[PDB]
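Scroll down for the structure; my scribbles are underneath it.
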Amino acid sequence: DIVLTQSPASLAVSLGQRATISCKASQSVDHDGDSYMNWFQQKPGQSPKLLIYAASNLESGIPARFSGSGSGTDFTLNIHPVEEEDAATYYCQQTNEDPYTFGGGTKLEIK
Amino acid sequence: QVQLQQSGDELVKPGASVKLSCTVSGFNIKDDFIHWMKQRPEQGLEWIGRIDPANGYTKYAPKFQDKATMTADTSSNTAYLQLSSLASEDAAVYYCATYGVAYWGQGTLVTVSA
Amino acid sequence: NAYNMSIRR
């Protein structure tokens, strides 16, 4: 199965700055020239909300402050600039091979 | 326009079974897989499996093969997750999702009593 | 397009 490891586990970021969250897969999640990595945002009491799909596609309704990069085993989510409402836990998820798997989460706080 | 409405929270006894529902509106469930996820605060998010409502075909993660049974009914546009032989480690929030995995239900909390 | 690409089909 694919193991996803996120870095950092938590971070506090100044309002208006950039932030990056990393997700490393233990084996490649590429197929046919695409990379099947998603990013989700979750706030307490709420379901995960899809931000980015297939590594770099911005989901409808999500601000362009969010973007994704990477391929193979190495992926990043970038937030530019960070805003107050971005305090949440972020997860990566691969959907290239069964069973789908998720990273352990990164908790973002605004200091 | 797509809404996934999950059933209410459940308090369940060890050894029992429970059946959770996911009622979809604004979308014909025959049109896509429905996925189920489990979330615990310590162990995080896990994919249980997916069902194709058009033909009833299911695929589970190995760790859920003898715990979960997914079913679906296109007529009522509802998917179900039955969890058997409940134990402490089954206490979690359970989510359904569809449209690939873009649209999620609000979650159903399962608590297991002592 | 999340339908097509948020999972591998």
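Every residue, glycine among them, receives a Cβ derived from its backbone with ideal geometry; neighbour counts consider all protein chains shown. What follows is calculated from the coordinates using simple rules that are stated; it is not laboratory data.
Meeting the requirement of 1 or more residues that are within 14 Å of chain C (Cβ to nearest Cβ) and either within 24 Å of A:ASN57 (Cβ to Cβ) or touching a residue at least 60 places away in the same chain (Cβ under 8 Å) (or both), the strands (runs of 3 or more DSSP E) wholly within segment B:19-114 are B:34-40, B:44-51, B:92-98. Which one is nearest to A:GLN93 (Cα to Cα) among residues in segment A:26-61 that are at the interface with another protein chain (Cβ under 7 Å from one of its Cβ atoms) and in contact (Cβ under 8 Å) with a residue 24 or more places away in the chain? Ranking the candidates gives A:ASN38 first. Determine whether segment B:58-69 contains at least one residue that is closer than 26 Å to C:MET5 by Cβ and either in contact with a helix residue (DSSP H, G or I) (Cβ under 7 Å, 6 or more places away or on another chain) or crowded, with 22+ Cβ neighbours inside 10 Å (or both). No, segment B:58-69 contains no residue that is closer than 26 Å to C:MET5 by Cβ and either in contact with a helix residue (DSSP H, G or I) (Cβ under 7 Å, 6 or more places away or on another chain) or crowded, with 22+ Cβ neighbours inside 10 Å (or both). Going through segment A:20-60 one residue at a time, which ones are farther than 19 Å from A:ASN96 by Cβ and in a strand (DSSP E or B)? Scanning segment A:20-60 gives A:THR20, A:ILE21, A:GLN41, A:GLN42, A:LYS49, A:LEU58.
Of the residues that make up segment A:85-100, is at least one within 29 Å of B:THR108 (Cβ to Cβ), in contact (Cβ under 8 Å) with a residue 12 or more places away in the chain, part of a loop (DSSP other than H, G, I, E, B) and among the charged types (D, E, K, R)?
yes
I'm trying to understand the selection: among the residues of segment B:73-114, which are among the β-branched types (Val, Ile, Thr), surrounded by fewer than 21 Cβ atoms within 10 Å (Cβ to Cβ) and closer than 18 Å to A:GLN41 by Cα? Matches in segment B:73-114: B:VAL93 only. Against the numbered list (1) surrounded by 17 or more Cβ atoms within 10 Å (Cβ to Cβ); (2) away from chain C (no Cβ under 14 Å); (3) under 23 Å from A:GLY16 (Cα atoms), A:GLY70 comes up short only at (3).
Rundown of residues vs (1) within 16 Å of the chain's Cα centre (by Cα); (2) under 15 Å from A:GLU85 (Cβ atoms); (3) surrounded by fewer than 22 Cβ atoms within 10 Å (Cβ to Cβ), yes/no style:
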residue	(1), (2), (3)
A:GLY16	no, yes, yes
A:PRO44	no, yes, yes
A:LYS49	yes, yes, yes
A:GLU59	yes, no, yes
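Restricting attention to segment A:94-105, the residues that are polar (S, T, N, Q) and either touching a helix residue (DSSP H, G or I) at 6+ places or on another chain (Cβ under 7 Å) or surrounded by fewer than 22 Cβ atoms within 10 Å (Cβ to Cβ) (or both) add up to 1.
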